[PDB]
file data19.pdb (PDB, C-alpha atoms)
ATOM      1  CA  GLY A   9       0.000   0.000   0.000  1.00  0.00           C
ATOM      2  CA  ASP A  10       1.907   2.989  -1.352  1.00  0.00           C
ATOM      3  CA  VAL A  11      -0.013   6.169  -0.543  1.00  0.00           C
ATOM      4  CA  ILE A  12       1.255   9.269  -2.354  1.00  0.00           C
ATOM      5  CA  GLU A  13       0.175  12.900  -2.405  1.00  0.00           C
ATOM      6  CA  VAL A  14       1.237  16.066  -4.164  1.00  0.00           C
ATOM      7  CA  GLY A  15       1.200  19.722  -3.186  1.00  0.00           C
ATOM      8  CA  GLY A  16      -0.542  22.396  -5.165  1.00  0.00           C
ATOM      9  CA  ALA A  17       1.429  24.783  -7.346  1.00  0.00           C
ATOM     10  CA  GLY A  18       0.089  28.259  -7.948  1.00  0.00           C
ATOM     11  CA  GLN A  19       2.326  30.345 -10.126  1.00  0.00           C
ATOM     12  CA  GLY A  20       2.559  33.556 -12.056  1.00  0.00           C
ATOM     13  CA  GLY A  21       1.884  37.263 -12.210  1.00  0.00           C
ATOM     14  CA  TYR A  22       1.768  39.906 -14.921  1.00  0.00           C
ATOM     15  CA  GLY A  23       3.104  37.265 -17.297  1.00  0.00           C
TER
ATOM     16  CA  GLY B   9      -3.562  54.878 -13.625  1.00  0.00           C
ATOM     17  CA  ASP B  10      -2.816  52.190 -11.053  1.00  0.00           C
ATOM     18  CA  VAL B  11      -2.620  48.814 -12.791  1.00  0.00           C
ATOM     19  CA  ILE B  12      -2.582  45.833 -10.423  1.00  0.00           C
ATOM     20  CA  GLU B  13      -2.454  42.082 -10.934  1.00  0.00           C
ATOM     21  CA  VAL B  14      -2.485  39.000  -8.756  1.00  0.00           C
ATOM     22  CA  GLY B  15      -0.937  35.563  -9.090  1.00  0.00           C
ATOM     23  CA  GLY B  16      -2.907  32.367  -9.001  1.00  0.00           C
ATOM     24  CA  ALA B  17      -2.898  30.173  -5.916  1.00  0.00           C
ATOM     25  CA  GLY B  18      -3.386  26.451  -6.300  1.00  0.00           C
ATOM     26  CA  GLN B  19      -3.285  24.604  -3.034  1.00  0.00           C
ATOM     27  CA  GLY B  20      -3.928  21.291  -1.392  1.00  0.00           C
ATOM     28  CA  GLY B  21      -3.622  17.534  -1.517  1.00  0.00           C
ATOM     29  CA  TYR B  22      -5.204  14.605   0.291  1.00  0.00           C
ATOM     30  CA  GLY B  23      -6.841  17.143   2.589  1.00  0.00           C
TER
ATOM     31  CA  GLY C   9      -8.344  54.411 -14.851  1.00  0.00           C
ATOM     32  CA  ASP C  10      -7.526  51.646 -12.385  1.00  0.00           C
ATOM     33  CA  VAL C  11      -7.271  48.342 -14.248  1.00  0.00           C
ATOM     34  CA  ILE C  12      -7.157  45.276 -11.991  1.00  0.00           C
ATOM     35  CA  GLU C  13      -6.954  41.550 -12.644  1.00  0.00           C
ATOM     36  CA  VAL C  14      -6.908  38.391 -10.580  1.00  0.00           C
ATOM     37  CA  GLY C  15      -5.291  35.001 -11.049  1.00  0.00           C
ATOM     38  CA  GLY C  16      -7.194  31.764 -11.069  1.00  0.00           C
ATOM     39  CA  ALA C  17      -7.121  29.458  -8.067  1.00  0.00           C
ATOM     40  CA  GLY C  18      -7.535  25.743  -8.587  1.00  0.00           C
ATOM     41  CA  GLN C  19      -7.375  23.779  -5.391  1.00  0.00           C
ATOM     42  CA  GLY C  20      -7.939  20.395  -3.869  1.00  0.00           C
ATOM     43  CA  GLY C  21      -7.556  16.652  -4.136  1.00  0.00           C
ATOM     44  CA  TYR C  22      -9.066  13.626  -2.429  1.00  0.00           C
ATOM     45  CA  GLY C  23     -10.741  16.043  -0.030  1.00  0.00           C
TER
ATOM     46  CA  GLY D   9     -13.013  53.948 -16.191  1.00  0.00           C
ATOM     47  CA  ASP D  10     -12.132  51.118 -13.822  1.00  0.00           C
ATOM     48  CA  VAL D  11     -11.829  47.882 -15.795  1.00  0.00           C
ATOM     49  CA  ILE D  12     -11.647  44.747 -13.642  1.00  0.00           C
ATOM     50  CA  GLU D  13     -11.382  41.048 -14.418  1.00  0.00           C
ATOM     51  CA  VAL D  14     -11.266  37.823 -12.460  1.00  0.00           C
ATOM     52  CA  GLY D  15      -9.592  34.480 -13.051  1.00  0.00           C
ATOM     53  CA  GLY D  16     -11.438  31.212 -13.167  1.00  0.00           C
ATOM     54  CA  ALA D  17     -11.305  28.810 -10.242  1.00  0.00           C
ATOM     55  CA  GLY D  18     -11.654  25.108 -10.884  1.00  0.00           C
ATOM     56  CA  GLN D  19     -11.440  23.043  -7.755  1.00  0.00           C
ATOM     57  CA  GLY D  20     -11.934  19.601  -6.342  1.00  0.00           C
ATOM     58  CA  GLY D  21     -11.487  15.876  -6.736  1.00  0.00           C
ATOM     59  CA  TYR D  22     -12.932  12.769  -5.121  1.00  0.00           C
ATOM     60  CA  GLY D  23     -14.635  15.075  -2.634  1.00  0.00           C
TER
ATOM     61  CA  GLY E   9      -7.177  -1.565  -6.490  1.00  0.00           C
ATOM     62  CA  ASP E  10      -5.403   1.583  -7.649  1.00  0.00           C
ATOM     63  CA  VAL E  11      -7.434   4.620  -6.598  1.00  0.00           C
ATOM     64  CA  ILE E  12      -6.307   7.887  -8.201  1.00  0.00           C
ATOM     65  CA  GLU E  13      -7.526  11.467  -7.986  1.00  0.00           C
ATOM     66  CA  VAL E  14      -6.610  14.788  -9.528  1.00  0.00           C
ATOM     67  CA  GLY E  15      -6.775  18.362  -8.296  1.00  0.00           C
ATOM     68  CA  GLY E  16      -8.642  21.098 -10.065  1.00  0.00           C
ATOM     69  CA  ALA E  17      -6.793  23.706 -12.093  1.00  0.00           C
ATOM     70  CA  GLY E  18      -8.272  27.161 -12.436  1.00  0.00           C
ATOM     71  CA  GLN E  19      -6.146  29.479 -14.484  1.00  0.00           C
ATOM     72  CA  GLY E  20      -6.060  32.824 -16.186  1.00  0.00           C
ATOM     73  CA  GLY E  21      -6.879  36.503 -16.073  1.00  0.00           C
ATOM     74  CA  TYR E  22      -7.131  39.323 -18.590  1.00  0.00           C
ATOM     75  CA  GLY E  23      -5.727  36.907 -21.160  1.00  0.00           C
TER
ATOM     76  CA  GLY F   9      -3.562  -0.846  -3.288  1.00  0.00           C
ATOM     77  CA  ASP F  10      -1.726   2.230  -4.538  1.00  0.00           C
ATOM     78  CA  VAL F  11      -3.707   5.338  -3.602  1.00  0.00           C
ATOM     79  CA  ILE F  12      -2.514   8.528  -5.304  1.00  0.00           C
ATOM     80  CA  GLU F  13      -3.669  12.135  -5.215  1.00  0.00           C
ATOM     81  CA  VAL F  14      -2.684  15.385  -6.861  1.00  0.00           C
ATOM     82  CA  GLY F  15      -2.791  19.001  -5.749  1.00  0.00           C
ATOM     83  CA  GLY F  16      -4.600  21.710  -7.618  1.00  0.00           C
ATOM     84  CA  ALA F  17      -2.693  24.216  -9.719  1.00  0.00           C
ATOM     85  CA  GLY F  18      -4.108  27.683 -10.185  1.00  0.00           C
ATOM     86  CA  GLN F  19      -1.928  29.894 -12.295  1.00  0.00           C
ATOM     87  CA  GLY F  20      -1.773  33.179 -14.106  1.00  0.00           C
ATOM     88  CA  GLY F  21      -2.525  36.873 -14.118  1.00  0.00           C
ATOM     89  CA  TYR F  22      -2.712  39.612 -16.730  1.00  0.00           C
ATOM     90  CA  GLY F  23      -1.337  37.089 -19.209  1.00  0.00           C
TER
ATOM     91  CA  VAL G   9     -18.675  51.203  -5.411  1.00  0.00           C
ATOM     92  CA  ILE G  10     -17.031  47.953  -6.580  1.00  0.00           C
ATOM     93  CA  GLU G  11     -16.691  44.628  -4.747  1.00  0.00           C
ATOM     94  CA  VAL G  12     -15.421  41.304  -6.106  1.00  0.00           C
ATOM     95  CA  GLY G  13     -15.364  37.997  -4.247  1.00  0.00           C
ATOM     96  CA  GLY G  14     -13.125  34.959  -4.042  1.00  0.00           C
ATOM     97  CA  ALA G  15     -13.370  31.236  -4.658  1.00  0.00           C
ATOM     98  CA  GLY G  16     -13.668  28.812  -1.759  1.00  0.00           C
ATOM     99  CA  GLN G  17     -13.633  25.049  -1.422  1.00  0.00           C
ATOM    100  CA  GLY G  18     -14.630  22.372   1.078  1.00  0.00           C
TER
ATOM    101  CA  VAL H   9     -14.115  52.125  -4.022  1.00  0.00           C
ATOM    102  CA  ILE H  10     -12.523  48.811  -5.072  1.00  0.00           C
ATOM    103  CA  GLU H  11     -12.253  45.542  -3.130  1.00  0.00           C
ATOM    104  CA  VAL H  12     -11.035  42.154  -4.370  1.00  0.00           C
ATOM    105  CA  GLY H  13     -11.049  38.908  -2.403  1.00  0.00           C
ATOM    106  CA  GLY H  14      -8.865  35.839  -2.084  1.00  0.00           C
ATOM    107  CA  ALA H  15      -9.175  32.103  -2.577  1.00  0.00           C
ATOM    108  CA  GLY H  16      -9.534  29.782   0.398  1.00  0.00           C
ATOM    109  CA  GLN H  17      -9.566  26.032   0.859  1.00  0.00           C
ATOM    110  CA  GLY H  18     -10.626  23.458   3.440  1.00  0.00           C
TER
ATOM    111  CA  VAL I   9      -9.438  53.115  -2.753  1.00  0.00           C
ATOM    112  CA  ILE I  10      -7.910  49.732  -3.671  1.00  0.00           C
ATOM    113  CA  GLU I  11      -7.719  46.532  -1.607  1.00  0.00           C
ATOM    114  CA  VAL I  12      -6.565  43.076  -2.714  1.00  0.00           C
ATOM    115  CA  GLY I  13      -6.658  39.906  -0.629  1.00  0.00           C
ATOM    116  CA  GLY I  14      -4.540  36.807  -0.183  1.00  0.00           C
ATOM    117  CA  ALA I  15      -4.926  33.062  -0.540  1.00  0.00           C
ATOM    118  CA  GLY I  16      -5.347  30.861   2.515  1.00  0.00           C
ATOM    119  CA  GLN I  17      -5.462  27.132   3.115  1.00  0.00           C
ATOM    120  CA  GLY I  18      -6.590  24.678   5.783  1.00  0.00           C
TER
ATOM    121  CA  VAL J   9      -1.009   0.953 -17.762  1.00  0.00           C
ATOM    122  CA  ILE J  10      -2.132   4.335 -16.375  1.00  0.00           C
ATOM    123  CA  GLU J  11      -1.124   7.845 -17.467  1.00  0.00           C
ATOM    124  CA  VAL J  12      -2.582  11.177 -16.340  1.00  0.00           C
ATOM    125  CA  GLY J  13      -1.659  14.602 -17.690  1.00  0.00           C
ATOM    126  CA  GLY J  14      -1.276  18.113 -16.345  1.00  0.00           C
ATOM    127  CA  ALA J  15      -2.767  21.535 -16.950  1.00  0.00           C
ATOM    128  CA  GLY J  16      -0.860  24.156 -18.913  1.00  0.00           C
ATOM    129  CA  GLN J  17      -1.400  27.814 -19.695  1.00  0.00           C
ATOM    130  CA  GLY J  18      -0.181  30.445 -22.144  1.00  0.00           C
TER
ATOM    131  CA  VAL K   9      -4.746   0.755 -20.910  1.00  0.00           C
ATOM    132  CA  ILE K  10      -5.921   4.069 -19.406  1.00  0.00           C
ATOM    133  CA  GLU K  11      -4.982   7.631 -20.388  1.00  0.00           C
ATOM    134  CA  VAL K  12      -6.492  10.897 -19.142  1.00  0.00           C
ATOM    135  CA  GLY K  13      -5.639  14.381 -20.385  1.00  0.00           C
ATOM    136  CA  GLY K  14      -5.310  17.852 -18.925  1.00  0.00           C
ATOM    137  CA  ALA K  15      -6.865  21.264 -19.408  1.00  0.00           C
ATOM    138  CA  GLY K  16      -5.018  23.982 -21.295  1.00  0.00           C
ATOM    139  CA  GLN K  17      -5.627  27.654 -21.952  1.00  0.00           C
ATOM    140  CA  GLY K  18      -4.472  30.385 -24.319  1.00  0.00           C
TER
ATOM    141  CA  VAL L   9       2.668   1.208 -14.514  1.00  0.00           C
ATOM    142  CA  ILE L  10       1.608   4.662 -13.261  1.00  0.00           C
ATOM    143  CA  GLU L  11       2.696   8.107 -14.475  1.00  0.00           C
ATOM    144  CA  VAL L  12       1.302  11.509 -13.480  1.00  0.00           C
ATOM    145  CA  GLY L  13       2.303  14.861 -14.951  1.00  0.00           C
ATOM    146  CA  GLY L  14       2.752  18.411 -13.733  1.00  0.00           C
ATOM    147  CA  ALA L  15       1.337  21.838 -14.474  1.00  0.00           C
ATOM    148  CA  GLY L  16       3.308  24.344 -16.521  1.00  0.00           C
ATOM    149  CA  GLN L  17       2.849  27.981 -17.441  1.00  0.00           C
ATOM    150  CA  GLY L  18       4.135  30.494 -19.978  1.00  0.00           C
TER
END
call {"tool": "encode", "arguments": {"input": "data19.pdb", "output": "C-alpha cells"}}
result
Amino acid sequence: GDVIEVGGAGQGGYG
Amino acid sequence: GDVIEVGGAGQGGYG
Amino acid sequence: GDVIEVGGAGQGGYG
Amino acid sequence: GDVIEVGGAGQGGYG
Amino acid sequence: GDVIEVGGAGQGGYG
Amino acid sequence: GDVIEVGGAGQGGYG
Amino acid sequence: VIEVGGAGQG
Amino acid sequence: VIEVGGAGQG
Amino acid sequence: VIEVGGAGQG
Amino acid sequence: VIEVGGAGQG
Amino acid sequence: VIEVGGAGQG
Amino acid sequence: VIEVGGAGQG
C-alpha cells in the first residue's frame, strides 16, 4: 500500500 | 492609472 | 483608470 | 473607467 | 485496487 | 492498493 | 462602489 | 471604491 | 481606494 | 497501464 | 490501458 | 505502470 500525495502549485503574475 | 495584478494560488492535496 | 486583474485558483484533491 | 477582471477557479477531486 | 484522484486547475486573467 | 492524489494548480494573471 | 469575491472550497 | 477577495480552501 | 486579498489554506 | 496529464497555460 | 488528459488555456 | 504529470505555465 503505497499512498502518495502532491502539493498544489500556484504560479505567475503579470506574465 | 494604477494597474494591479495577482498571481494564481493552487493549493492542497489529500486534505 | 484603475485596471485590476486576478489570477485563477484551482485547489484540492481527495478532499 | 475602472476595468476589472477575475480568473477562473476550478477546484476539487474525489470530494 | 489503484485509486487515483486529480486536483482542479483554475487558471487565467485578462488573457 | 496504490492510492494517489494530486494538488490543484491555479496559475496566471494579466497574461 | 465595486466589490469582487473569491473562490472557496470544502 | 474597489475591493477584491482571495481564494480559500478546506 | 484599492484593496486586494490573499490566498489561505486549511 | 495508467497515465494522467497536467494543466498548462499560455 | 488508461490515459487521461489535462486542461489547457491560451 | 503509473505516471502523473505536472502543471506548466508560460
call {"tool": "calpha_fit_and_write", "arguments": {"input": "data19.pdb", "fixed": "chain C", "moving": "chain E", "output": "compact mmCIF listing (two decimals) with C-alpha atoms, keeping the file's coordinate frame"}}
result
# COMPACT_ATOMS: atom_id res chain seq x y z
CA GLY E 9 -8.34 54.41 -14.85
CA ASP E 10 -7.53 51.65 -12.38
CA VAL E 11 -7.27 48.34 -14.25
CA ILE E 12 -7.16 45.28 -11.99
CA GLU E 13 -6.95 41.55 -12.64
CA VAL E 14 -6.91 38.39 -10.58
CA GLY E 15 -5.29 35.00 -11.05
CA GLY E 16 -7.19 31.76 -11.07
CA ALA E 17 -7.12 29.46 -8.07
CA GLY E 18 -7.53 25.74 -8.59
CA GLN E 19 -7.37 23.78 -5.39
CA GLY E 20 -7.94 20.39 -3.87
CA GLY E 21 -7.56 16.65 -4.14
CA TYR E 22 -9.07 13.63 -2.43
CA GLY E 23 -10.74 16.04 -0.03
call {"tool": "residues_around", "arguments": {"input": "data19.pdb", "residues": "residue G:11", "least_positions_apart": "2", "cutoff": "7 Å", "atoms": "only C-alpha atoms", "output": "list in words"}}
result
residues 9 and 13 of chain G; 10, 11 and 12 of chain H
call {"tool": "residues_around", "arguments": {"input": "data19.pdb", "residues": "stretch 15-17 of chain F", "least_positions_apart": "2", "cutoff": "6 Å", "atoms": "only C-alpha atoms", "output": "PyMOL selection string"}}
result
(chain A and resi 14-18) or (chain B and resi 18-21) or (chain C and resi 18-21) or (chain E and resi 15-17)
call {"tool": "interface_residues", "arguments": {"input": "data19.pdb", "of": "chain K", "to": "chain F", "cutoff": "12 Å", "atoms": "all atoms listed in the file", "output": "list in words"}}
result
residues 14, 15, 16, 17 and 18 of chain K
call {"tool": "axis_aligned_box", "arguments": {"input": "data19.pdb", "around": "stretch 12-18 of chain A", "padding_each_side": "6 Å", "output": "JSON"}}
result
{"center_x": 0.4, "center_y": 18.8, "center_z": -5.2, "size_x": 14.0, "size_y": 31.0, "size_z": 17.6}
